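Below you'll find the structure, written out as structure tokens, and then a few comments.
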Amino acid sequence: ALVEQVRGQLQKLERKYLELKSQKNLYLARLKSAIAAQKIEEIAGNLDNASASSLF
Amino acid sequence: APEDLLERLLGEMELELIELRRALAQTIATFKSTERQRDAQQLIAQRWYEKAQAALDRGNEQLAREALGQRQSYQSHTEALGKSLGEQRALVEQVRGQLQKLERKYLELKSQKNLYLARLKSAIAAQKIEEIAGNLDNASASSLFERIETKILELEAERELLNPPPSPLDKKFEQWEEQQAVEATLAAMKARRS
């Protein structure tokens, strides 16, 4: 019984481990997308925004 | 950590087992020596007895009379040793039974030593992994998704603030105007060809 039940834990646990890994990159990619997009519009706001446009 | 004690305690037991193991031979060693002396003493009397056969022979009784008197001194010693040999037998027999029984128990405990150690390690390894998952995935305070995804909204919320979305006003005007742009332009399309 011990060897059977313990294997079930290992069998179930391994499936979960890779499942988390799949979402690891998915959320990381989304974070980077916003991070990259966060600054560019800030530069445009600091560059073009008619209020205090450094450009024009 | 009690686990190291389990291995260490048996090691100390093993030293005592060999210590007792050597001790038993010492008891056996003296037992053999006692047996030899009894055999030697009877031989001395046996030589006197074997000699006494000739001493009594030819009618020279007086020589035999004195000879047997000397024998009795050895006979008394012989009897005492024989009694000692018999009682020593019980001690060697019973002590071996203890050793015979004790050794069987020793290995029996060793069999369960690894069995419980293995189960402990299994739970120990499995104990932490789910704790990480609880600290990682658990929707309450998931470090993986909930806390990370909250930061996503923070950046998302800023874009509308820094770039105010056009009011819903303009959407309908362009859509209202867009249909005329296509229709008015297409009105010429259907008209120019027709």
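Identifiers for the structure tokens are assigned positionally: chains receive A, B, ... in sequence, residues are indexed from 1 per chain, and ligands are indexed from 1 in the order shown.
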
Residues near segment 3-6 of chain B, anyone? I mean within 10 Å using only C-alpha atoms, not counting same-chain ones fewer than 5 positions away, as a count of residues only. 8

Give me, as JSON lines, the closest atom pair and its distance (Å, one decimal) for every residue of segment 3-47 of chain A within a cut-off of 10 Å of segment 161-177 of chain B, counting only C-alpha atoms, rows sorted by chain and rising number.
{"residue": "A:41", "atom": "CA", "partner": "B:162", "partner_atom": "CA", "distance": 8.0}
{"residue": "A:42", "atom": "CA", "partner": "B:162", "partner_atom": "CA", "distance": 7.6}
{"residue": "A:44", "atom": "CA", "partner": "B:162", "partner_atom": "CA", "distance": 9.8}
{"residue": "A:45", "atom": "CA", "partner": "B:162", "partner_atom": "CA", "distance": 7.1}

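Near chain A, within 10 Å and using only C-alpha atoms, the residues of chain B are residues 119, 122, 123, 126, 129, 130, 133, 136, 137, 144, 145, 148, 149, 151, 152, 153, 154, 155, 156, 158, 159, 162 and 163 of chain B.
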
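With atom CA of residue 47 of chain B on one side and atom CA of residue 34 of chain B on the other, the separation reads 20.4 Å.
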
Mind listing the alpha helix (DSSP H) residues of chain A, per DSSP on the backbone, as JSON, numbers by chain? {"A": [2, 3, 4, 5, 6, 7, 8, 9, 10, 11, 12, 13, 14, 15, 16, 17, 18, 19, 20, 21, 22, 23, 24, 25, 26, 27, 28, 29, 30, 31, 32, 33, 34, 35, 36, 37, 38, 39, 40, 41, 42, 43, 44, 45, 46, 47]}

Neighbours of residue 90 of chain B within 12 Å (only C-alpha atoms; same-chain residues fewer than 6 positions away dropped), as a list in words? residues 27, 28, 31, 84, 96 and 97 of chain B

Could you tell me how far atom CA of residue 38 of chain B sits from atom CA of residue 80 of chain B, in Å to one decimal place? 9.0 Å

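One finds atom CA of residue 91 of chain B at 18.3 Å from atom CA of residue 103 of chain B.
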
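Among the candidates B:10, B:17, B:190, B:68, the one nearest to residue 56 of chain B when counting only C-alpha atoms is B:68.
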